[PDB]
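The structure appears right after this line, and notes come after that.
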Amino acid sequence: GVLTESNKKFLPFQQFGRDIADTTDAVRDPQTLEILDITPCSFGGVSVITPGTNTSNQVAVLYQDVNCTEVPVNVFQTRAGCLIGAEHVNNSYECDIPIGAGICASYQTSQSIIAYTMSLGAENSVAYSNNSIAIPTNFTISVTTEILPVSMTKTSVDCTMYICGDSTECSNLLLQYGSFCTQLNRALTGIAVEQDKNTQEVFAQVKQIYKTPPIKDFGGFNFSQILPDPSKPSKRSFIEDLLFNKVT
Amino acid sequence: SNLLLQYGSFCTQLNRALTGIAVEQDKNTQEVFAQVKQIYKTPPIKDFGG
Amino acid sequence: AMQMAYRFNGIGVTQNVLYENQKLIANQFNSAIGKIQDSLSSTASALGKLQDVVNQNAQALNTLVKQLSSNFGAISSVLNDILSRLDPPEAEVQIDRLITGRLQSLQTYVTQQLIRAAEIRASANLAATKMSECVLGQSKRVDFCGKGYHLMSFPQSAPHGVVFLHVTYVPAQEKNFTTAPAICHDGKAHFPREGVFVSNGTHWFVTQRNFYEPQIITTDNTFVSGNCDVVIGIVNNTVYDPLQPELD
Amino acid sequence: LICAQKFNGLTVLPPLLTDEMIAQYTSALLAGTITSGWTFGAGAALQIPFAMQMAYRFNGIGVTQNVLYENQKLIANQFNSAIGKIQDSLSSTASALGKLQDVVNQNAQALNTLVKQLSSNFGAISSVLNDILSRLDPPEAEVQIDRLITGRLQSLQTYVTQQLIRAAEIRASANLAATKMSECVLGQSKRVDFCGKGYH
């Protein structure tokens, strides 16, 4: 630790000192009878910011909490630690890589890694007035997209085959803990049936199975992209096929 | 440390879980507050009907 | 077409807006569907929520498998080695070390799977709610089924998940006007029935609130609410009456 | 307390969004709401007088517009007085922030227990690795060190599991808060007792 000069008033019969967590944060020198403090030097973890090996092969190191004086060897002391290998600019853009405490970092003009202070958005004031109203005149249809997970993979584990193997004395020893495997198998079977119920209650909400007409006269709208095509072996539409090939 | 290396992948699991929790907290704040892309300022006049 | 007119009348905009702008809306719909197909058929994935599930499950399984080669304190992680290399009364302790380690591994995996399954259950309940409320009917909860006023929604399948295409309405280009609360005609004050008063600069009109389409202020767009000395911001004008021209 | 915990590997990362940025977000939401109604959560902010917006909102709960314009002073006075009462209720010893305080208290207790667990023998001859290492030969000290290792790893497992469950709960509450922000602020709601108590 770091033995510094104390400020606590020991009574002349005490030796150690302790914090609110019961560890020595003070000592009495056994020769000169002086009181000293103790502060450790276990100082933070290390992160590396990289814009991707595909783009470039230069990185910026971030020491999560140091005063930038204890690092071994372009140093910039932020509020989230010590950034080594990045220039601090005075502009403000969107956040590409987050550093913490409103600091981000991006690969940008050659080119380097910059560490600005992120911006919230394009500021604009509204022209409010006690007799002024803005009415729209033309519109726009927009088709967004929202992804939602429904179920994960069902699994099952046979303890005495995982824990033990093709050994019988190992199973005779596992007998000393009788209900653990049964607990585990019960939990996993509950999880499996829960996943099946999840899928069942998300999708199966129609009583019948409706059928689109053979003549597609929808007033101009074209649903041929989301309606199924009989040509494909399965009955998945074009978008569903485009989805089932992007998830490995 | 050498004795702890006999429990190979517990510490990595704990670190993964805790970093997941941290990024999830950041996601929570971002999803709660950041629902406007602009930043609207109010005019210096305060005639809000009373 | 009439279903789309119902769904417009649901969000305030009258039917004639759709019936007189059907080709433009159809073209915008088709263009948006094409944009979606393009946005999916590219290296830009956006299917992170359905890929993180698979990645996390594979990683949990791989960790549970990899922890079958850890000594945990025994002399080796191969039960056959512990057996052939020792006598039972001394191999008991080593096999028990291995058994305790593997029990710990199985228990940790099962607990993390339970927590992941609770999270997936919450997400599946949210998806069931969105399918029940957005697909099978128009919604009025803001930003629940998209971004803007909600028109409709189309679901698609996806490996371990679902994908909603939200078709929404967005006003595009606005224009300023000088509004007013009421209009004092003959002492009476004519408040608007279902729209808002506006003025291009010289004349007064009553329109709707989402699509500028001005009309003439008769006694069918407005209703009187007494003398005109109490409203704060009323303006003088002439409220036309359609009966007197014909009857006289 | 803070550094006392910090001195055992425990760290505390700072949030990505500083408090001034959150304050600016809420300021933007509030200014957009009071200057443009609800038309800024569904496109671009379309300015509109405030009395007419409040009349658009009165008309949304089945009450004609002509009751606001003829009772505007009274409603203004009632709203100002309600805000004053809100102040007088928060600016006193009336401690109603239980939700935000239980979180801090629970996390502080969890961390205090985790750091206090470092002072138990768990069966070994001591509770300090340096002591056992300096007064015992390795081939014998392995058993004591291993007992301590198993104890500390068990306690850390328990802490991580508690944190996972608390984070799931906070995630649920944050989804609820985001839903309330998106349906009560950026638009008038009609779900009973979702955005208040009464006609919203």
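In order, the residues displayed for chain A correspond to 550-622, 641-676, 689-827 in Swiss-Prot numbering, which applies throughout.
Per deposition record, electron microscopy, 3.1 Å.
Keep in mind that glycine also has a Cβ here, set from the backbone N, Cα and C atoms.
Annotated features, as they stand in Swiss-Prot:
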DISULFID  A:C617-A:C649  disulfide bond
DISULFID  A:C662-A:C671  disulfide bond
DISULFID  A:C738-A:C760  disulfide bond
DISULFID  A:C743-A:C749  disulfide bond
CARBOHYD  A:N603  N-linked glycosylation site
CARBOHYD  A:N616  N-linked glycosylation site
CARBOHYD  A:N657  N-linked glycosylation site
CARBOHYD  A:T676  O-linked glycosylation site
CARBOHYD  A:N709  N-linked glycosylation site
CARBOHYD  A:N717  N-linked glycosylation site
CARBOHYD  A:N801  N-linked glycosylation site
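Recorded features from Swiss-Prot, shown on the structure.
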residue: A:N616; record: N-linked glycosylation site; DSSP (3 states): coil
residue: A:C662; record: disulfide bond; DSSP (3 states): coil
residue: A:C671; record: disulfide bond; DSSP (3 states): strand
residue: A:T676; record: O-linked glycosylation site; DSSP (3 states): coil
residue: A:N709; record: N-linked glycosylation site; DSSP (3 states): coil
residue: A:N717; record: N-linked glycosylation site; DSSP (3 states): strand
residue: A:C743; record: disulfide bond; DSSP (3 states): coil
residue: A:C749; record: disulfide bond; DSSP (3 states): helix
residue: A:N801; record: N-linked glycosylation site; DSSP (3 states): coil
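Nearest Cα neighbour of A:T676 (O-linked glycosylation site) among the listed recorded positions (A:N657, A:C662, A:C749, A:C760, A:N801): A:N657. Proximity to chain C (Cβ-Cβ distance under 8 Å) holds for the following recorded positions out of A:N616, A:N657, A:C671, A:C743: A:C743. Residue pair A:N657 (N-linked glycosylation site) / A:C749 (disulfide bond) shows a Cα separation of 66 Å. Using a 10 Å Cα-Cα cut-off from A:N616 (N-linked glycosylation site), none of the recorded positions among A:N709, A:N717, A:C749 qualify. Among the recorded positions A:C649, A:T676, A:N709, the ones whose Cβ sits under 8 Å from a Cβ of chain B are, in sequence order, A:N709. Comparing the disulfide-bonded residues A:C617, A:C649, A:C662, A:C743, A:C749 on other C-beta atoms within 10 angstroms of each C-beta gives the minimum for A:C617. Put simply, of the recorded positions A:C617, A:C671, A:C738, A:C760, A:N801, the one whose Cα is nearest the Cα of A:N717 (N-linked glycosylation site) is A:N801. Note: A:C760 (disulfide bond) has non-local neighbours A:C738, A:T739, A:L753, i.e. same-chain residues 6+ apart with C-beta under 8 A of its own C-beta. Around the Cβ of A:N616 (N-linked glycosylation site), the number of neighbouring Cβ atoms within 10 Å comes to 11. Cα distances from A:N709 (N-linked glycosylation site) to the recorded positions A:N603, A:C649, A:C662, A:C671, A:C749 are smallest for A:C662. Candidate recorded positions: A:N603, A:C649, A:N801. Nearest to A:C749 (disulfide bond) by Cα distance: A:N603. Distance noted between the C-alpha atoms of A:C671 (disulfide bond) and A:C743 (disulfide bond) is 50 Å. Using a 10 Å Cα-Cα cut-off around A:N801 (N-linked glycosylation site), the recorded positions A:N603, A:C617, A:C649, A:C662, A:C743 reduce to an empty set. Chain D lies within reach of A:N709, taking the recorded positions A:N603, A:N709, A:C760 and requiring a CB-CB distance under 8 A. Its own atom aside, the Cβ of A:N603 (N-linked glycosylation site) has 6 Cβ atoms within 10 angstroms in the protein chains shown. A helical conformation is recorded for A:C738 (disulfide bond) in the three-state DSSP classification. When the alpha carbons of A:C662 (disulfide bond) and A:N603 (N-linked glycosylation site) are compared, the span between them is 20 angstrom.
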